[PDB]
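The next block holds one structure in the form of structure tokens; read it before the comments.
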Amino acid sequence: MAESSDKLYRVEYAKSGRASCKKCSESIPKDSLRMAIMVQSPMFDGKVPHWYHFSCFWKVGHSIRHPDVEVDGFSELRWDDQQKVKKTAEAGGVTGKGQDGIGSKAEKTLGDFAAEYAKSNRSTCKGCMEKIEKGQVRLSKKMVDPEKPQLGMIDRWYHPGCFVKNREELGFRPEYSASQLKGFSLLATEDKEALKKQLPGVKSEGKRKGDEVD
DNA sequence: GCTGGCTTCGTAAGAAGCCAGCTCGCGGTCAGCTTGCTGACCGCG
Ligand SMILES: [Zn+2]
Ligand SMILES: [Zn+2]
């Protein structure tokens, strides 16, 4: 297949009703909208799809920021299904709400970058290969392994200093700030300040960006 | 790559081709009956 064969996810109307959802185990009815995470098979050239009912796919941990470019078959879905996948992708769970806005939904947290206190002491900073001690603050750049596709986005941990040294190769653009790391809000104020200090991004204050109202 | 369910061909009886589906392993932190060791959730990649 020329092109259109490297995407990590696929969406389409069930070609049959024999596929079983990898999350709830129930069968996926033919013609129903289903999604799958593509995986390379070591037994033969070709990728095996792990299918899930549309809703189950998001309850396992799979995440997509831009469906049009990350999910194969997206452009061939009916318009309403293209909007449903686009909105579901934006919604990152978390019981939120709304009241006054202009565009639709809003994103303010990276899905491939996280910050948290080491849940244990067997992890290892992938920048200096030194072990991270339990309790120590660590950062990570989510990445998928072609050898372990069933895992999906796995965290690649680093010490905050080591992470900043490789910000470019890790894809941490200069416009991103520490407040965008997944898990930032759960850090003590002291820990949050240290991060904002090394990853400032644009600015810490907020004056305006289009209108004039303090 | 293999399985399997079924559509296509056949004078009929049974046979074949083919679209569609298809998967964590390991280590050990922190506990517990078993008397000196064992158990396993859950963190890691
Ligand atoms: Zn399901
Ligand atoms: Zn390090």
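Between the listed residues A:117, A:93, A:153, the Cα displaced farthest toward the positive end of the dipole of segment A:69-214, a dipole computed from Cβ unit charges relative to the Cα centre, is found at A:117.
Computed extension gain for residue A:15 through residue A:120, at 0.36 nm per residue and net of the alpha carbon distance, reaches 33.4 nm.
Starting from the Kirkwood radius over alpha-carbon pairs of segment A:102-214, derive D by Stokes-Einstein at 10 °C in a medium of 1.306 mPa s and give it in µm² s⁻¹.
103
The overall shape of segment A:24-139, judged from the alpha-carbon gyration tensor, is oblate: a/c is not under 1.5, and a/b is no greater than b/c. Mean projection of the Cα convex hull over all viewing directions, computed for chain A: 15.8 nm². Within segment A:9-26, name every residue whose backbone N is under 14 Å away from a label modeled 7 Å from Cα of residue A:150 along the Cβ vector. Answer for this model: A:22-23. Number of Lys-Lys pairs in segment A:1-101 with C-alpha atoms under 14 Å apart and a separation of 8 or more places or on different chains: 4.
How big is the gap, in Å, between the Cα center of segment A:75-107 and the Cα center of segment A:137-209? If you average the Cα positions of each part, the centres end up 24 Å apart. If only the Cβ of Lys and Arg carry +1 and only the Cβ of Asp and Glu carry -1, the dipole of segment A:1-101 around its Cα centre is close to 440 debye.
Bear in mind these aren't lab numbers, they're just calculated from the coordinates by the rules spelled out. Don't worry about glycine lacking a Cβ; one is built from the backbone with ideal geometry, like all the others, and counts go over all protein chains shown.
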